[PDB]
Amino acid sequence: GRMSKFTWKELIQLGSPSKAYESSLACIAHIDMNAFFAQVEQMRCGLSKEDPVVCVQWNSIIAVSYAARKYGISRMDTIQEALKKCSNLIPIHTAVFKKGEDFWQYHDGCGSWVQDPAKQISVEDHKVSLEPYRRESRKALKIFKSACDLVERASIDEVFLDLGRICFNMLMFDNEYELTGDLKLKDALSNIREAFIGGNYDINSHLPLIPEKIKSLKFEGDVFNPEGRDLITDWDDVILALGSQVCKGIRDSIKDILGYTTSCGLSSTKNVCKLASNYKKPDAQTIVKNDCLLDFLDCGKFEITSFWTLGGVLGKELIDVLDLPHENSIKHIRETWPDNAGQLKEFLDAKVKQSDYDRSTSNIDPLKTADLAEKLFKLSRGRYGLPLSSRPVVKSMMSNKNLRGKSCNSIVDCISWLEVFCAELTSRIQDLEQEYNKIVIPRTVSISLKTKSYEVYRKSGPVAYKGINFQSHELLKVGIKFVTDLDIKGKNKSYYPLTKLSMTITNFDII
């Protein structure tokens, strides 16, 4: 073309962390540590990534390494089923709390699958701890935050990164990177770097054409290009290419410092980034160009329900509501509402007004159908750019145990379990304080339980701290008094043995 398709404003926009995600030149990453629980146990027990590990809770498999998947094992399988698929399976139980003790521990070489009756982890008197995964997630998160200035913690084992600053900075100021033995960026991009410092452009002017020398610049990972398009055709391609290099460096830090492999999707938007991290795993990187977005969305493996908020009941409703086909629903959406989001909105408004439509149980807000259309229209085209928002404060934290047998036949038994709940909630508070770098302290505790006949009893009240800080023991004593109060409440009523018992903390002062 005469010039680039993009304006200076959209390139400069990369440098601002609150607006970068809105640029069509945005460069987002979704990084996933696959089979995370399996990885954590793998690395703790000195084992390799090719070792067929499964993370286990009782008789069920909660994480399955990819090495174990080569044998047709999945989470659907019980441990005994998986062992008929691979007799060399290395099942590793989660850490456990013992009823009445305030600490968790690992019992390696103990489990339901080991034949010795001496070496069992009884479900009745034990509770699973997930602290080891929490802790390890936090290490990862620390490394990510060091490497990048906008990081979103999407889950226990997944993050999003905004690479805009890093990319824009590389593009304009990195004098050390070189495309070949003889070629470096400072010389490759001299025109763009000199126009920019010059300041003579107008922010709405289009960028100049990419120079030929840059075209040699390499992508790291798997560039998704079914149609064999040109790899570098415009600035969004240059940025994405630089991002991939940067992104490979980060992932190597994770693997070098902690030993965890990752999957990674690289693209313009969050949603497209997540689809990409899942396209090939484990230990793979997938790049999706803006020009290949439709090639990617329509490759066959995706549907409207494949997107982040639509994998559930709303998604299924939408398929019905919109009369979409079970195949190629994304394409179907693009063409049936080809020109603007509004068409979809109106179509939505009528169906909203249809006779069959249930206002009472619908997951579609009729007041907010402006936003719904937009998300669909742009998600369909892969241009739905959400920001990397931070997770909002916790309102509530809960620890509980589903009880079977008579593990809870008296006040004393309940109190042994409350010790485990405090210990667990205490360490989770600690994780939060690190996440926030702010002191977190709950003011309200709530004890609840289900009786022999599944009736619910509950007591909430304030917890008062003899000190300025939070002391776990204060939490337990209130837990104990509520447990005692509800005992009195159920004397000649259905009660023991209990079927469920919980501790919930709320009303946090984040200070």
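Take the two forms, find the largest set of C-alpha atoms that superpose within 1.5 Å, and that set is the rigid core. Each residue number is its position in the shown sequence, starting from 1.
- Superposing the other copies on the rigid core and comparing 179 to 187 to 338 to 346, farther C-alpha placement in 5 other deposited structures of this protein marks 338 to 346.
- Between stretches 135 to 143 and 309 to 317, the one whose Cα atoms sit farther from the displayed model in 5 other deposited structures of this protein on average is 309 to 317 (core-aligned, root mean square).
- In this entry, 401 to 409 shows the higher mean Cα temperature factor of the pair 401 to 409 and 94 to 102.
- The mean C-alpha temperature factor is higher for 392 to 400 when 392 to 400 and 155 to 163 are set side by side.
- Of the candidates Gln354, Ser87, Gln245, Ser277, the one whose C-alpha carries the top B factor in the deposited record is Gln354.
- If you compare the C-alpha temperature factors of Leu294, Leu322, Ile232, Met170 in the entry, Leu322 comes out highest.
- Among the modelled residues of its chain, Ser4 has a C-alpha B-factor that falls in the highest third, as given in the PDB entry.
- The deposited CA B-factor of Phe421 belongs to the lowest third of values across its chain.
- In this PDB entry, the Cα temperature factor of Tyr384 sits in the middle third of its chain's modelled residues.
- Looking at the C-alpha B-factors along this chain, the one for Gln434 belongs to the middle third.
- Annotation for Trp337: CA B-factor lies in the highest third of the chain's modelled residues.
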